[PDB]
Amino acid sequence: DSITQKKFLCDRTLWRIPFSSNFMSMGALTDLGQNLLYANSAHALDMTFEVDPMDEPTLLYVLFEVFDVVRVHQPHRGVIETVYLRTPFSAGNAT
Amino acid sequence: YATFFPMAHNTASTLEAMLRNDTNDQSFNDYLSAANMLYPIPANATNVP
Amino acid sequence: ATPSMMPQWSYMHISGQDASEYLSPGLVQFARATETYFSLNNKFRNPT
């Protein structure tokens, strides 16, 4: 008399969750990212992960997918100027 | 080490003159384009908020 | 989408006009005429 066990293996990949309304990929800038409710205010975020036990210290590695761009401009001979921007989190300094 | 295309002087000067206007700038973006965080999971734990 | 960061977006070519429009006519004609051996396509955004 026997019992059954099932499992799956999936390496060389990262788990993805998109911030889109229908989960599809309709462009670089998802429609929810432009929604007024998430754009003209502030909100707090809470996440809860449940994993399986292991017998050594480990790390949970999270990637917030954002926009990161740089613009480079050089008016006169021997001059380089740049402007960096990361939209959801930070951009240089102020004042 | 570096390598230059041996482009003609008239064409190179014209391209240089055109690529200095305040509207023909250049742009780039990191392919991954994300911000990273690392949180510790102590041994034998199972819940991470 | 915020007029509070609308020029902030459109400046870095994150949204709005596309590459084949905000470039000078001379540069566009040049880049189209010298495509085969000295490319210039991967240095501009034209967002989506």
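Calculation notes
Residues numbered from 1 in each chain as written, not as in the entry; some residues may be left out. Chains lettered and ligands numbered in written order. Part of a larger assembly, values for the part shown. Heavy atoms only, no water. Helix = DSSP H or I, 4+ residues; strand = E, 2+ residues; numbered from the N terminus. Buried < 20%, exposed > 50% of the residue type's maximum accessible area, 1.4 Å probe, protein only. Areas by Shrake-Rupley, 256 points an atom, 1.4 Å probe, with all protein chains shown as cover. Pairing = 2+ DSSP bridges. Contact = heavy atoms within 4.5 Å. Buried area = accessible area lost by both parts, 1.4 Å probe. Salt bridge = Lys/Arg side-chain N within 4 Å of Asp/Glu carboxyl O. Polar contact = N/O pair within 3.5 Å; in protein donor to acceptor, adjacent residues only side chain to side chain. Nonpolar A, V, L, I, M, F, W, Y, C, P; charged D, E, K, R; others polar.

Per the deposited record, determination of this structure is attributed to cryo-EM, with the resolution reported as 3.7 Å.

Enquirer: Just give me the short version of the overall build of chain C, but keep the residues and values in it.
Expert: Broken down by element type, chain C carries three helices and zero strands. Overall, chain C shows an N-to-C arrangement of helices and strands of α-α-α. The 48 residues of chain C split such that 31% are buried. When the accessible area of chain C is evaluated, it comes to approximately 3100 Å², of which 55% is carbon and sulfur surface.

Enquirer: Explain the pairing of strand 3 (residues 68-73) of chain A to me, using residue names and the numbers behind them.
Expert: Most of strand 3 of chain A sits inside the fold, with five of its six residues counted as buried. Both strand 3 of chain A and strand 4 (residues 81-86) of chain A contribute to a ladder of six bridges, which runs antiparallel. Pairing of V72 of chain A across the sheet is with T82 of chain A, part of strand 4 of chain A. Relative to strand 1 (residues 26-29) of chain B, strand 3 of chain A runs antiparallel, the two sharing four bridges. For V69 of chain A, the partnering residue across the bridge sits in strand 1 of chain B and is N29 of chain B.

Enquirer: Got a sec to walk through the interface of chain C and chain B? Specific residues and values, please.
Expert: Chain C puts 13 residues into the contact, and the matching count from chain B is 12 residues. A buried area of about 1200 Å², summed over both sides, lies between chain C and chain B, and 71% of it is on carbon and sulfur atoms. Applying the counting rule to chain C against chain B returns zero salt bridges. The interface formed by chain C and chain B contains two residue pairs in polar contact. Partitioned by chemical class, the residues of the side of chain C that touches chain B number seven nonpolar, four polar and two charged.

Enquirer: With reference to specific residues and values, describe the interface of chain B and chain A.
Expert: Residue-level contacts link 27 residues of chain B with 30 residues of chain A. For the chain B face of the interface with chain A, the top three residues by lost area are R20, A35 and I41 of chain B, together amounting to 22%. Salt-bridge contacts for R71 of chain A lead to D25 of chain B; the nearest nitrogen and oxygen are separated by 2.2 Å. If you look at where chain B meets chain A, you find 16 residue pairs in polar contact. Among the elements that make up the side of chain B that touches chain A, the one with the highest residue count is strand 2 (residues 34-41) of chain B (eight residues). For the side of chain B that touches chain A, a count of residues per class yields 13 nonpolar, 10 polar and four charged. With eight bridges connecting them, strand 2 (residues 58-65) of chain A and strand 2 of chain B associate as antiparallel partners.

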